[PDB]
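Take a look at the structure below.
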6 protein chains.
Amino acid sequence: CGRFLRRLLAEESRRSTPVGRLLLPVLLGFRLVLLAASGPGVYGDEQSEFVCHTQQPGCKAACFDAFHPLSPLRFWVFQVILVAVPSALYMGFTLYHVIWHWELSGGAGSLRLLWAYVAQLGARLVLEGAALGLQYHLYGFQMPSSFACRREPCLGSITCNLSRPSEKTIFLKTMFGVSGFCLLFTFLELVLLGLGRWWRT
Amino acid sequence: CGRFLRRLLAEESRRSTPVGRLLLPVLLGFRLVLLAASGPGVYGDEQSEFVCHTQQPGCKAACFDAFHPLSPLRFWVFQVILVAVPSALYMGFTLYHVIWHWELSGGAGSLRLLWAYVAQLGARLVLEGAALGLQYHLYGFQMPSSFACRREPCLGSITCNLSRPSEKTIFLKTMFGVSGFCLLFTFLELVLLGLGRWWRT
Amino acid sequence: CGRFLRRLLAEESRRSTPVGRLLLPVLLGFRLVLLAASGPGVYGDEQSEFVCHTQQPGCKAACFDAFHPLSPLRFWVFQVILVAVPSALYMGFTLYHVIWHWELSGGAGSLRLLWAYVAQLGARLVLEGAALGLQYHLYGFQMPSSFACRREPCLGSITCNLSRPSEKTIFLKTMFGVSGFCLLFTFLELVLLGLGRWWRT
Amino acid sequence: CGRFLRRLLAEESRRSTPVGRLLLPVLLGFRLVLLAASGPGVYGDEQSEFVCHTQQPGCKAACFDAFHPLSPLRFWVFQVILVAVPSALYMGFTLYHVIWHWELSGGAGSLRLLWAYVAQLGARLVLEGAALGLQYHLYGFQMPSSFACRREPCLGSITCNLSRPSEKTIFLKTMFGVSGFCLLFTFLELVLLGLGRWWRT
Amino acid sequence: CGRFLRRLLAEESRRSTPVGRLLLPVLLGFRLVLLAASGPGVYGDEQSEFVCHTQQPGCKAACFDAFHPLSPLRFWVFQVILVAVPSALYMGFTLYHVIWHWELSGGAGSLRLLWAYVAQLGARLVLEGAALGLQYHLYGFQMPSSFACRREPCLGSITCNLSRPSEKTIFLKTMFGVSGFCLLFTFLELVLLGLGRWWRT
Amino acid sequence: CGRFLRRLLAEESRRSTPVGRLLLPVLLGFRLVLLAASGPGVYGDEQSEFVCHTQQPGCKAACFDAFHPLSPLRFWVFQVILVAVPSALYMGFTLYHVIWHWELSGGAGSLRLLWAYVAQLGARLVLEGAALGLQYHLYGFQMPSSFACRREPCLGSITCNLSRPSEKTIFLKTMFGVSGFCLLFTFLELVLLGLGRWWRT
Ligand SMILES: CCCCCCCCCCC(CCCCCCCCCC)(CO[C@H]1O[C@@H](CO)[C@H](O[C@@H]2O[C@@H](CO)[C@H](O)[C@@H](O)[C@@H]2O)[C@@H](O)[C@@H]1O)CO[C@H]1O[C@@H](CO)[C@H](O[C@@H]2O[C@@H](CO)[C@H](O)[C@@H](O)[C@@H]2O)[C@@H](O)[C@H]1O
Ligand SMILES: CCCCCCCCCCC(CCCCCCCCCC)(CO[C@H]1O[C@@H](CO)[C@H](O[C@@H]2O[C@@H](CO)[C@H](O)[C@@H](O)[C@@H]2O)[C@@H](O)[C@@H]1O)CO[C@H]1O[C@@H](CO)[C@H](O[C@@H]2O[C@@H](CO)[C@H](O)[C@@H](O)[C@@H]2O)[C@@H](O)[C@H]1O
Ligand SMILES: CCCCCCCCCCC(CCCCCCCCCC)(CO[C@H]1O[C@@H](CO)[C@H](O[C@@H]2O[C@@H](CO)[C@H](O)[C@@H](O)[C@@H]2O)[C@@H](O)[C@@H]1O)CO[C@H]1O[C@@H](CO)[C@H](O[C@@H]2O[C@@H](CO)[C@H](O)[C@@H](O)[C@@H]2O)[C@@H](O)[C@H]1O
Ligand SMILES: CCCCCCCCCCC(CCCCCCCCCC)(CO[C@H]1O[C@@H](CO)[C@H](O[C@@H]2O[C@@H](CO)[C@H](O)[C@@H](O)[C@@H]2O)[C@@H](O)[C@@H]1O)CO[C@H]1O[C@@H](CO)[C@H](O[C@@H]2O[C@@H](CO)[C@H](O)[C@@H](O)[C@@H]2O)[C@@H](O)[C@H]1O
Ligand SMILES: CCCCCCCCCCC(CCCCCCCCCC)(CO[C@H]1O[C@@H](CO)[C@H](O[C@@H]2O[C@@H](CO)[C@H](O)[C@@H](O)[C@@H]2O)[C@@H](O)[C@@H]1O)CO[C@H]1O[C@@H](CO)[C@H](O[C@@H]2O[C@@H](CO)[C@H](O)[C@@H](O)[C@@H]2O)[C@@H](O)[C@H]1O
Ligand SMILES: CCCCCCCCCCC(CCCCCCCCCC)(CO[C@H]1O[C@@H](CO)[C@H](O[C@@H]2O[C@@H](CO)[C@H](O)[C@@H](O)[C@@H]2O)[C@@H](O)[C@@H]1O)CO[C@H]1O[C@@H](CO)[C@H](O[C@@H]2O[C@@H](CO)[C@H](O)[C@@H](O)[C@@H]2O)[C@@H](O)[C@H]1O
């Protein structure tokens, strides 16, 4: 109902600044729409785009497995669903609070909702920071055009060629930047609540 | 209606702790979204990724059938729909209880809803535990890179090679962990209701 | 409207037991979700999985047509839409009954709704039983690994090989069991209404 | 709104029998669901299932074009959207009648709705009958297994083979039967309104 | 809301005849459903259905580009979205008129809605007429079975063959007829408002 | 709720002209529908439509990467989601303004909504203008039919041929025109608010 949805939206964002109320939800929606609309077109065919110059049985599959143990499409899907877990717990906690206080009326509980809001921002700051570090460790900042392989069952060292290294590099840097701004604005919303006044005190 | 949906949500979760009210529904939704979004991309092409070094008619199909009698994608779909059966029976039982007590007013029946809640948690604990044991028995904890085959109509013993063993191993361990936490938090919600006070008494 | 939907649900299930109110709708939904999610992955490629050892023009297509005149995917889709026809007629009959008695108020007609409920269960019992018998007659209980063919325009007798006979056998036995329980619980709901007191009297 | 939708459903079916109120809408929905769920799987690959024994340039395409100038999938889609045109005109005429009589109150116009109901049944009887005759003229009652071709630019007479003639024949006879019952029950609903008392008088 | 949607539908069609209120919206919906359901199946594979008898590098692509600079699927999508632009402007103009006159009450503005209705019909008449003329200029009334090509980098003159010319011709004539009736009934709705009394006066 | 949605639409467009209220939203919706319906059919297969006359390993992929570092489909998706970011921030700012002034009543804040409306139009003018300049710099106004390549690991200079250059050129000019009108009508809506009276004063 409108009267109910209108009271729920005012309670979920009563102790937030505009950074947490407007800017963060739009940035996270931007990231998801970009991944769903453009992701499969850039990285979906990476296996048939990895051509090695050989005919020995089993050497091609051994070299591709050593180059990419995990696809970026699978990495990014895990990041967006894990980062959504603290927000879904907080929104469910807020819904049951509004239900079990409507029948009563329709302080001690207002201070419980603030501690839950600080806890999910802190968890999102830790999860977002670990993901950026893993992305740099797994993929770097560029996709090369060739790759040298000396994995068994290959005889000697073989050269393999990759397709579309420019478009894949452009998409990798864009995702780093979009996630980097999500981390900065999560950190800033904790400062405007008083993270500074807690550290040195 | 809001007034009706608001009374239904307060009745379905009146004798639950936060583990059953918030944590379990989010974990089960996480598992389903991960399977639908990433499952086909990891395991969808497993048949054409199984290359055997032979030309005898019918030996390739006999070796693949001996390696995997059932695909993990089919196994995991069965697990999530079977585990949802006790919850759908409980939510339907609760809906008809609220309907046939609204026209009256709008004790003996409050104690019937508690026994139904304990029964579906116990059934989910048994179904979830059997699935984890079968997953380990069928697949183990890793996917190998080669496989030796001596099944008829093959002459001698042939070697077959598999593609992407690292990404398939990573996904198999992730699904074991997500299901393992679902089992732990189902067991804990039965303890907080008084499973301990029933066993030794 | 809630007040209207709430009166409709209480009328459609006023003379039903819990077997007809909870258990049957969940079993029928389980069957449909399993067919839509897993069916195409097991049986969708059966035509290119039927390899015959020959080069004569037209012999391959003649042997596949003699092996499977109808695919199980087409058989099962027909079964689930035919079994839904009696239930859709009953739910429409109930909706117009509630509409043409709201404007009046908002016995003779309560006894018309009971006879319509008994008639659609009896029709579903006949349709479900005929489908199980046809499934056994068309497919049996297992899918073989080879098949011998002496159909024109083949010269002599040729051997053809099939892929994935284990996974196809597992899925065929699962669908027989799910449909078998639907038949048992339709028969039991007619007994709890008084089928026994009508036969010998 | 419920109060509005409830008055609209009682006006659209105030001068109908149960044949027009329950049986016809379910039969037409059955036909559409069967076409969308099973149609592409039976007839979607008919072009690559038409193998001719030749290498002359352009003879294969000339023989397939002489065999099927129109696919059954395209024929059946046209039939279901054309038959829905009289019903959509009638339901729109009824909606504006209820709107322009609510503000007034909320005879001469009740007799206008009856003449519109008789006119759309008569149009559907003519369109449904013409479609059945064209289906028999274009396709017959069976799909053959071979086809002889003497069309230019073929040198001589060549034989072409078709795949899956049994499953295509089964689906063609099923669609004839489903449409045949739609025609019978449209004709019967005009008789129960008084078509008999108009012909001989 | 029903009370709001009910007042909006009576204002958008208060100065229309049944041609503009019922017949035109059904014809335009018919065209869109036919294009989405059957279009890709007839014209989606036109590039691989254009076989030329040559091996020179680049001659095949030069001949197909000279035959079809624009696909009918792209032409028809542009026609239906362009023709919908005047109707979307009119329906938005009507919505804001009803909103900014509800708070007041809930003549000079009734005459503004009539001039806007005449302007969008006139724009649709011009856009629909230009599309029919371009369709005849680009495609004609039939698709041939062969095509002769003397475009560079081809050496000499080569013959190319097309697949399914009968089904493509049938679909092209059907789309001309459906659009031709849309133009006639747009012209007739302007005459019934008084286009005749404006021309000679 | 209707009463709430009706007050929200009147506040979001209380200081707009018809250019911003009707014309701009329809033009932006037109662009998105054209990209989703026709984009993949024109540019989806550009990689297999780039045929080079060579057999050296790795020369084909090096030449395609030098021709197109970024696909137009990826460029246009980024443009439409970036241009939607200022509008989503403004509509969220307006929703919370209406909520936190309903409970009060149900000047200083009316002047805050005007400054936010001017700021998102100015941001959209800068983003739209930069996109048009980049589109001309990356792609020009036409797609050629051939391309000469002297990139390593190619030996000498090779010629590569492209398919369908006419249809790709037609679509590129259409997207430039649709975006050009979006820029003009964003600039005009700032002039009708008083951009002229601010520049020289
Ligand atoms: C109004 C005036 C405005 C002026 C604007 C100036 C701005 C310049 C833009 C630069 C940019 C923007 C990308 C779009 C990002 C959008 C973000 C949204 C993304 C959506 C999610 C594209 O710009 C390129 O466009 C080319 C078009 O062909 C132009 O080519 C010239 O002109 C043509 C004319 O037609 C001629 O035809 C053509 O012959 C000319 O060569 C160049 O100007 C330019 O390189 C990116 O530059 C790119 O350069 C390449 C070069 O190597 C980089 O490759 C790297 O090195 C390779 C070898 O080591 C590796 O192999 C590769 O792996 C690696 O990557 C890329 O990485 C990237 O840095
Ligand atoms: C800010 C500092 C932070 C530091 C972080 C340290 C953490 C280290 C992470 C480790 C991890 C995380 C996977 C992501 C899980 C995400 C969960 C979400 C999943 C979404 C659902 C990927 O890390 C790998 O990344 C490689 C990238 O190429 C790196 O390669 C090096 O550096 C490159 C540099 O570029 C160079 O290019 C490259 O030459 C270097 O070799 C290595 O560092 C590392 O192996 C998993 O390790 C993996 O190792 C492989 C090795 O064998 C395992 O293979 C197993 O053995 C094979 C042979 O028996 C079998 O054949 C295979 O079948 C079997 O499996 C895998 O099983 C797995 O254990
Ligand atoms: C915690 C302890 C718990 C212990 C649990 C014990 C329970 C045992 C389960 C048994 C079951 C469950 C299927 C899942 C059903 C789920 C229902 C949901 C379905 C979703 C809709 C799979 O179990 C199999 O798993 C194998 C895994 O490879 C194991 O192989 C071994 O260990 C591996 C180790 O890794 C080694 O690698 C491997 O070398 C070992 O060989 C075996 O243990 C076993 O055969 C079905 O058994 C199956 O057996 C095969 C054999 O022939 C049947 O084939 C039939 O005969 C062929 C020749 O005539 C025909 O050609 C074929 O056509 C026909 O069919 C199948 O029909 C089916 O009966
Ligand atoms: C509880 C007891 C209950 C007893 C029930 C008795 C009822 C019998 C049913 C009969 C029916 C039902 C189809 C399902 C319709 C469902 C409607 C819903 C459809 C969903 C939209 C399938 O039944 C077939 O099933 C076979 C299974 O293989 C059986 O084969 C035997 O047993 C196997 C055992 O395993 C053995 O393996 C196998 O070796 C045995 O040969 C046969 O019994 C039978 O032919 C249709 O019969 C079909 O026959 C074929 C023969 O030619 C017709 O082909 C026609 O002629 C060809 C040559 O001119 C042309 O080339 C072809 O073009 C043309 O068509 C078909 O047209 C059709 O008439
Ligand atoms: C109850 C009695 C009722 C009697 C009804 C009489 C009505 C006759 C209908 C006629 C119609 C309706 C199409 C359906 C339109 C539906 C609209 C909805 C569309 C959905 C969006 C199909 O009718 C055809 O059906 C054939 C079936 O095979 C019949 O073939 C015979 O009988 C078979 C028996 O089985 C035998 O097997 C078979 O050997 C016999 O040859 C013929 O009767 C007839 O040609 C269209 O006719 C078509 O003719 C072809 C001939 O050339 C035209 O080709 C043109 O010329 C080529 C060479 O220059 C070019 O190459 C081609 O490019 C060009 O096009 C087509 O253009 C079109 O005009
Ligand atoms: C009622 C009277 C009304 C009269 C109307 C007059 C208007 C004329 C329209 C002109 C237009 C409209 C495109 C539709 C735009 C719709 C916008 C919506 C788009 C949806 C998003 C299509 O018109 C073409 O149609 C041809 C049909 O085949 C006609 O061909 C003749 O007649 C046939 C008869 O059948 C005969 O068969 C056929 O043999 C005849 O040759 C010609 O008339 C004409 O070229 C575009 O013209 C196009 O010309 C080509 C030529 O080169 C241009 O190619 C360029 O050069 C190449 C070589 O350098 C490059 O290789 C290429 O890369 C480059 O591009 C294109 O770029 C484009 O400019």
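Given the options A:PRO40, A:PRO86, A:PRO25, name the one that is surrounded by fewer than 17 Cβ atoms within 10 Å (Cβ to Cβ) and more than 30 Å from F:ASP45 (Cβ to Cβ).
Numbers: A:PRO40 fails: more than 30 Å from F:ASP45 (Cβ to Cβ); A:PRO86 fails: surrounded by fewer than 17 Cβ atoms within 10 Å (Cβ to Cβ).
Residue meeting the stated conditions: A:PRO25.
Considering only residues that are assigned to a helix (DSSP H, G or I) and either of a type in the set (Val, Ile, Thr) or more than 9 Å from chain E (Cβ to nearest Cβ) (or both), which ones fall in the range F:8-18?
Filtering the range F:8-18 for residues assigned to a helix (DSSP H, G or I) gives F:8-12, F:18.
Correct list: F:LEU8, F:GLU11, F:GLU12.
Anything in the range A:171-189 that is of a type in the set (A, V, I, L, M) and either within 16 Å of ligand 5 (Cβ to nearest atom) or buried (at least 18 other Cβ atoms within 10 Å of the Cβ) (or both)? List them, or say none. Step through it out loud before you land on a result.
Keep residues of the range A:171-189 that are of a type in the set (A, V, I, L, M), which gives A:172, A:175, A:178, A:183-184, A:188.
A:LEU172, A:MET175 - these are the residues of the range A:171-189 that are of a type in the set (A, V, I, L, M) and either within 16 Å of ligand 5 (Cβ to nearest atom) or buried (at least 18 other Cβ atoms within 10 Å of the Cβ) (or both).
Just to check your reading of the model, which residue among A:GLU152, A:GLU167 is assigned to a helix (DSSP H, G or I) and either of a type in the set (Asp, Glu) or within 16 Å of ligand 4 (Cβ to nearest atom) (or both)?
From the options A:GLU152, A:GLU167, the qualifying one is A:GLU167.
Counting only residues that are more than 13 Å from chain B (Cβ to nearest Cβ) and among the basic types (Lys, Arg), which one in the range C:145-170 is surrounded by the most Cβ atoms within 10 Å (Cβ to Cβ)?
Quick first cut of the range C:145-170, residues more than 13 Å from chain B (Cβ to nearest Cβ) only: C:148-157.
Next cut, among the basic types (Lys, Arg) only: C:150-151.
Numbers: C:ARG150: 11, C:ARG151: 16.
Of everything passing the filter in the range C:145-170, C:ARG151 is surrounded by the most Cβ atoms within 10 Å (Cβ to Cβ).
Taking the range F:150-199 as the search range and keeping residues that are under 26 Å from F:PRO18 (Cβ atoms) and among the charged types (D, E, K, R), which one is nearest to the chain's Cα centre (by Cα)?
The residue in question is F:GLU189.
Can you spot a residue in the range F:108-126 that is within 22 Å of F:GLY39 (Cα to Cα) and surrounded by 13 or more Cβ atoms within 10 Å (Cβ to Cβ)? Walk me through it before giving the result.
Kept after step one, since they are within 22 Å of F:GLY39 (Cα to Cα), are these residues of the range F:108-126: none.
No, the range F:108-126 contains no residue that is within 22 Å of F:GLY39 (Cα to Cα) and surrounded by 13 or more Cβ atoms within 10 Å (Cβ to Cβ).
Among the residues of the range A:64-96, which ones are facing chain B (nearest Cβ under 8 Å), in a helix (DSSP H, G or I) and either within 16 Å of ligand 3 (Cβ to nearest atom) or among the hydroxyl-bearing types (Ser, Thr, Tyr) (or both)?
Listed by number, the list holds a single entry, A:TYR96.
Report yes if F:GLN135 is closer than 17 Å to F:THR174 by Cα and not in a loop (DSSP other than H, G, I, E, B), otherwise no.
On the way: closer than 17 Å to F:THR174 by Cα: yes; not in a loop (DSSP other than H, G, I, E, B): yes.
Judged against the criteria, F:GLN135 is a match.
Scanning the range B:19-56 for residues that are part of a loop (DSSP other than H, G, I, E, B) and within 10 Å of another protein chain (Cβ to nearest Cβ), which turns out farthest from C:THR159 (Cα to Cα)? Let's see the steps before the verdict.
At the first step, the residues of the range B:19-56 found to be part of a loop (DSSP other than H, G, I, E, B) are B:44-49, B:53-56.
If we keep only those that are within 10 Å of another protein chain (Cβ to nearest Cβ) as well, we get B:44-45, B:47, B:49, B:53.
Numbers: B:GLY44: 29, B:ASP45: 27, B:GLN47: 22, B:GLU49: 26, B:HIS53: 22 Å.
Among residues in the range B:19-56 that are part of a loop (DSSP other than H, G, I, E, B) and within 10 Å of another protein chain (Cβ to nearest Cβ), the one farthest from C:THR159 (Cα to Cα) is B:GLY44.
Restricting the first residue to the range D:103-115 and requiring it to be at negative phi, which pairs with a second residue that is of a type outside the set (A, V, I, L, M) meet a Cβ separation below 6 Å and a spacing of at least six or different chains?
D:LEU114/D:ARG15
Answer with yes or no whether D:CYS59 is buried (at least 16 other Cβ atoms within 10 Å of the Cβ), within 11 Å of chain E (Cβ to nearest Cβ) and not aliphatic (A, V, I, L, M).
On the way: buried (at least 16 other Cβ atoms within 10 Å of the Cβ): yes; within 11 Å of chain E (Cβ to nearest Cβ): yes; not aliphatic (A, V, I, L, M): yes.
For D:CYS59, the condition - buried (at least 16 other Cβ atoms within 10 Å of the Cβ), within 11 Å of chain E (Cβ to nearest Cβ) and not aliphatic (A, V, I, L, M) - is met.
What's the number of the condition E:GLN79 fails, among (1) buried (at least 18 other Cβ atoms within 10 Å of the Cβ); (2) in contact with a strand residue (DSSP E or B) (Cβ under 7 Å, 6 or more places away or on another chain); (3) not aliphatic (A, V, I, L, M)?
Looking at each condition in turn, E:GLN79 falls short on (2).
Going by the conditions given, is D:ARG197 more than 14 Å from every other protein chain (Cβ to nearest Cβ), basic (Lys, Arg) and touching a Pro at 6+ places or on another chain (Cβ under 8 Å)? So that I can check it myself, show each step before the final result.
Numbers: more than 14 Å from every other protein chain (Cβ to nearest Cβ): yes; basic (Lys, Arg): yes; touching a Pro at 6+ places or on another chain (Cβ under 8 Å): no.
The answer is no for D:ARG197.
Hey, any hits in the range C:137-144 for a residue that's more than 13 Å from chain B (Cβ to nearest Cβ), within 16 Å of ligand 3 (Cβ to nearest atom) and buried (at least 16 other Cβ atoms within 10 Å of the Cβ)?
The answer is yes; a qualifying residue exists.
Every residue in the range C:145-188 that is of a type in the set (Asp, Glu) and either away from ligand 3 (no atom under 16 Å from the Cβ) or at positive phi (or both), please. Don't jump to the end; show me each part of the working.
Initial filter on the range C:145-188 (of a type in the set (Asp, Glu)): C:152, C:167.
Scanning the range C:145-188 gives a single hit, C:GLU152.
Quick check on my filter: what residues within the range B:170-201 are among the basic types (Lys, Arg) and in a helix (DSSP H, G or I)? Steps first, answer last, please.
Going residue by residue through the range B:170-201, those that are among the basic types (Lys, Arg) are B:173, B:197, B:200.
Those that are among the basic types (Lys, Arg) and in a helix (DSSP H, G or I): B:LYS173, B:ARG197.
Cβ: placed from backbone, ideal geometry, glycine included. Neighbour counts: every protein chain shown. No value in this document is a laboratory result; all are computed from the given coordinates.
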